[PDB]
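Okay, so here's just one chain, in structure tokens, the form deposited in one PDB entry.
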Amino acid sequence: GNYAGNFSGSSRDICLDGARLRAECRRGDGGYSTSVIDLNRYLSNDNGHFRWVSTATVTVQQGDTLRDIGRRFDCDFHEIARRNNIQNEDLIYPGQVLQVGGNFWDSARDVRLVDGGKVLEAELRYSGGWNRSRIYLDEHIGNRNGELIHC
């Protein structure tokens, strides 16, 4: 059924400032708050495609390759390599900690909101170029009593 987020149903004057989403969010008392949420914590570039993966740290398991990590957490192994200062074809080791998710902003351009601030659109870098991608923010951005949250 319904999206879990649905911020736009109770927000207005939705705008972008870099990767930070700003809005006037309806409160329970009937007034408004000016609120902000950093989309760079919740959205990632998966080889040319927006994905909902929040900034997180993971621990490499026995038998894991970098692609195995990417598959498990729905991230691009090229991104995991770049973000963790290693290389694409590099071996990884059990017990190793790796940063994953978020950080779409690093590899994006022409970033903007469309359809009244409900859709985020950008060109995202992939292995051999740029791909236009879009994502419905109401999927995971909500308004809790005047405050923009991820849910």
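Residues that one form lacks are left out of the comparison. Here, rigid core means the biggest group of C-alpha atoms that superpose within 1.5 Å across both forms. For every residue, the number given is its place in the sequence shown, counted from 1.
Not pictured, yet referred to below: the form deposited in another entry.
Trainee: Quick check: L124 between the shown form and the other one - does its CA shift reach 2 Å or more after fitting the rigid core?
Mentor: Result for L124: no, shift under 2 Å.
Trainee: On a rigid core superposition, would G48 pass a 2 Å threshold for CA movement between the shown form and the other one?
Mentor: Not so; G48 is displaced by less than 2 Å.
Trainee: If we fit on the core, is the Cα of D38 displaced 2 Å or more between the shown form and the other one?
Mentor: After core superposition, the displacement of the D38 C-alpha between the shown form and the other one stays below 2 Å, so no.
Trainee: Once the rigid core is fitted, tell me which blocks of three or more consecutive residues have Cα atoms all displaced by 2 Å or more between the shown form and the other one.
Mentor: The segment that shifts (3 or more residues, C-alpha shift of 2 Å or more) is 59 to 96 alone.
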